[PDB]
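A lone chain, given as structure tokens: the form deposited in one PDB entry.
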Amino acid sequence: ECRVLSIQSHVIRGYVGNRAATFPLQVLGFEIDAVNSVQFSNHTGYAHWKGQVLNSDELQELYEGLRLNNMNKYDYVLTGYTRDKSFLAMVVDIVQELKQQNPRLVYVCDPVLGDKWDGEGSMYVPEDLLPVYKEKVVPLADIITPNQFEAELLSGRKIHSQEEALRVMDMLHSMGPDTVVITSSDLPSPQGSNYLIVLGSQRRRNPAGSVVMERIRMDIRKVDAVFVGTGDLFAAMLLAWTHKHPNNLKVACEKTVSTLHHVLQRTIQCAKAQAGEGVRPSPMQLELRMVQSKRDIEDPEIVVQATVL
């Protein structure tokens, strides 16, 4: 009944891209269709990796197979890490088509560009993707989940405070999407030093017809490791819970963040047991414990409340 077209990476071993997004959305009842934009043995954080990349002509072929069977009717599109400009442009063309087929289609975009490590911001994708994201992808997106670095790149503005972040989210709203969620490890938290800040803003038209905006903030005590695939799972769960709670960004974000916390907590406890006391766990040991978190995906216990902005 609720159809999602997810165009993301596939790995054999582990949970990133479509492997992070598909099982949880299926567990939540979505008819999610996975276009695998790469097929790799494992993610590129390992010592070794091999695989094959889907090119934009092949992506167009697969969409053509859907169109010919009148199977190009989706409720959502979901994208994330995209490596190639020609590929991103074909994704744009497909989303435009799908939005003409279904004007109510919701495009959820994780605009993966890069991140910051201890002051150095640096990108993960070719720099020539940024104009495509600015002029073609973000204007088409309805929900975007930039981290702070990508929100800065997309807006052209450095963020030094919650104030400036909220201004950047307004800037992002004006570029296209009605829902903007920024994640940041660099904004300060009154709760401590290992906290992640989530800022969410959603504009909607209420039953009376007025355009209003709900703004929220979460201060999350991180679990004591860094993982691969976290942003992919975040965007997938944000899709799921905004779908279930379309007019309640606070609840949507609380369920999203609580799902991630349960998965990551379980993952770090399993990784440390495999690694041993004091031993730094490997990337293999840090793979998200996705199938073991089924019950937390289905009904996450809320472990952090958002504050109203």
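Don't overthink the numbering: it's just position in the shown sequence, from 1. In this text, the rigid core denotes the largest set of C-alpha atoms whose superposition between the two forms falls within 1.5 Å.
Only in words, not in the display: the form deposited in another entry, which the text now covers.
For this session: Answer yes if the CA of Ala275 moves 2 Å or more between this form and the one not shown after aligning the rigid core, and no otherwise.
Result: Superposed on the core, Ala275 moves its C-alpha 2 Å or more between this form and the one not shown.
Problem set entry | CA of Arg167, rigid core aligned, shift of 2 Å or more between this form and the one not shown | Result for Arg167: no, shift under 2 Å.
Exercise. Taking the rigid core as the frame, does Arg221 move its C-alpha by 2 Å or more between this form and the one not shown?
Worked result: Result for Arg221: no, shift under 2 Å.
Problem set entry | CA-CA separation of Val168 and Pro207, closer or farther in the other form than in the form shown [shift of 3 angstroms or more] | Nearer in the other form, by 3 Å or more.
For this session: Compare the CA separation of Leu105 and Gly209 in the other form with the one in the displayed structure, and answer closer or farther (the difference is at least 3 Å).
Result: Note: Cα gap between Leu105 and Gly209 widens in the other form.
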